[PDB]
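Peer 1: So I've got this experimental structure, pasted below with the sequence.
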Amino acid sequence: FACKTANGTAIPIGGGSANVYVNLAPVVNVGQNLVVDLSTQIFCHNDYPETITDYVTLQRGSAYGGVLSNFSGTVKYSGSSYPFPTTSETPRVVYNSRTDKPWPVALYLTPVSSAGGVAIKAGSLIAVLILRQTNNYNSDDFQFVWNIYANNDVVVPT
Ligand SMILES: CO[C@H]1O[C@H](CO[C@H]2O[C@H](CO)[C@@H](O)[C@H](O)[C@@H]2O)[C@@H](O)[C@H](O)[C@@H]1O
């Protein structure tokens, strides 16, 4: 089991960490969702599907910077939604093919009324999402840590 980003950055067997830089809607109004879809950005596969089945959860999700201070919202994982930042581990997703498959995570963040101007700064860390991988074969329990950075400023009109 291993993963990589759309940019080619890999986290190999056994886990590790990587940086993910994402483009964001440049203007978001109060009450409107800023969508951060990582399913187009993070992909993983199973390295021996002939015998092994891999199980993958969103172990933890944390907020930082302008997201921590200026937004509230949710994370959607494989079709179900939970409060973000997270308070518990999600149910698992099955990986059973060598063909790369999206990690089905997306953030839905809405600006608070009191925010004004630039709510997220270009190049700043906005979130850390931890992928946890186990299997039905041995005692492997590996974590893949994705550090999510903003490519551009996000503006909230007051
Ligand atoms: C067939 O067993 C051989 O390969 C196993 C490879 O283990 C990696 O891939 C598994 C399937 O994606 C994943 O579950 C595991 O955590 C590793 O990422 C290895 O464990 C066996 O020991 C043997 O080498």
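Peer 2: Happy to help now that I have it. Numbering: from 1, shown residues only.
Peer 1: Quick one: name the residues of the chain near the ligand.
Peer 2: 1, 13, 46, 47, 48, 52, 54, 135, 137, 138, 140 (Cβ under 6 Å from any ligand atom). For every residue, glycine as well, the C-beta is placed using N, CA and C.
Peer 1: which residues does residue 156 contact?
Peer 2: 27, 28, 29, 30, 70, 111, 115, 116, 117, 118, 119 (Cβ atoms under 8 Å, 6 or more residues apart in numbering).
Peer 1: Give me the buried entries from the residues of the chain next to the ligand.
Peer 2: 1, 46, 52, 54, 135 (16 or more other Cβ atoms under 10 Å).
Peer 1: before we move on, the earlier item: with respect to residue 101, which of the residues of the chain next to the ligand is nearest?
Peer 2: residue 46 (8.9 Å; Cβ to Cβ).
Peer 1: wait, the closest one sits on residue 54?
Peer 2: Yes - counting by Cβ atoms under 8 Å, residue 46 does reach residue 54; the two are 4.8 Å apart.
Peer 1: Please enumerate the shared neighbours of the two.
Peer 2: Taking Cβ under 8 Å, 6+ apart as the criterion, residue 46 and residue 54 both touch 1, 95, 96.
Peer 1: how about JSON lines for those, with distance to residue 125 and secondary structure added?
Peer 2: Shown next, in JSON lines, are the shared contacts of residue 46 and residue 54 (distance: Cβ to Cβ, whole Å; DSSP: H, G, I helix; E, B strand; the rest coil):
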{"residue": "1", "distance to residue 125": "26", "secondary structure": "coil"}
{"residue": "95", "distance to residue 125": "27", "secondary structure": "strand"}
{"residue": "96", "distance to residue 125": "33", "secondary structure": "coil"}
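Peer 1: Fine by me, we can end here.
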